[PDB]
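Report on one structure; see the data block that follows.
Each chain gets a letter, A, B and so on, in the order its sequence line appears, and its residues count up from 1. Below, all heavy atoms of this structure are taken into account, side chains as well, without hydrogens, waters or symmetry copies.
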Amino acid sequence: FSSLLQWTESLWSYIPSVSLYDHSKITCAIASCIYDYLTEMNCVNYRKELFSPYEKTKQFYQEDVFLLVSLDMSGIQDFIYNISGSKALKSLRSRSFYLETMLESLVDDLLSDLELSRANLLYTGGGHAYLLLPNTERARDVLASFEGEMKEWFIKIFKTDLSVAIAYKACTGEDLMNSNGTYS
RNA sequence: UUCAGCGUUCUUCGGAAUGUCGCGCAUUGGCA
């Protein structure tokens, strides 16, 4: 699917739906999160439970179903500039690339732990990563375990030179729909 | 016919610096 997502983005980047890719990706992520939430709740019929009363569509935008997740890497500039000059030119280019590549790996690992795709990562800042995840208990436990494992690995490799902090917040469909201005 | 000099200019006009370099090399860095 990753190849399909990469293809979709190049083709739909400069065409209106927010471009079409942006919308398609966001839809995919939201869908995956909803599917995981419904699997956690074990609904008998997704369509009937959602569209039957025709008010359940509105109420489902009020159930806490999504998680806004931010993972941030601490120690970027110090790591790039904790160098002696002997190989500075080389080191400075390599350290910045290594830190960005490591951040990519992180989220990929996290996605591999959630069986999700890159559509669920809204964007990656240098040293930063914002994602949208399902609010399932399994996903929450996966996030906790991933935070613990990342803490252990960073302490085992760089000690206090680099760290990673992961924080999540629960939200509903209306929050994603910028109702009442709560999203920002 | 004799007696006398007297007055006016006291320097003038141009050119007033120019061109050339305006730090270099070694260590260091960089490449390997």
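- In this structure, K156(A) does not pair ionically with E149(A), as no charged nitrogen and carboxylate oxygen lie closer than 4.0 Å.
- Atom-to-atom distance recorded for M102(A):CE and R95(A):CZ is 10.0 Å, nearest 0.5 angstrom.
- Judged by ring centres under 5.5 angstrom apart and ring planes under 30 degrees, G22(B) does not stack on its strand neighbour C23(B).
- A salt bridge links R140(A) with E137(A): at least one charged nitrogen is closer than 4.0 Å to a carboxylate oxygen.
- Listed nucleotides: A32(B), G30(B), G29(B). Nearest to the side chain of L89(A): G30(B).
- Taking atom CG of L92(A) as the reference point, atom P of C31(B) lies 11 Å away to the nearest angstrom.
- Pucker check on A16(B): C1'-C2'-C3'-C4' negative, sugar south.
- Judged by ring-centre distance under 5.5 Å and interplanar angle under 30°, strand neighbours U9(B) and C10(B) are not stacked.
- In this model, the phosphate group of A32(B) is not approached by any side-chain N or O of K87(A) to a distance below 4.0 Å at OP1 or OP2.
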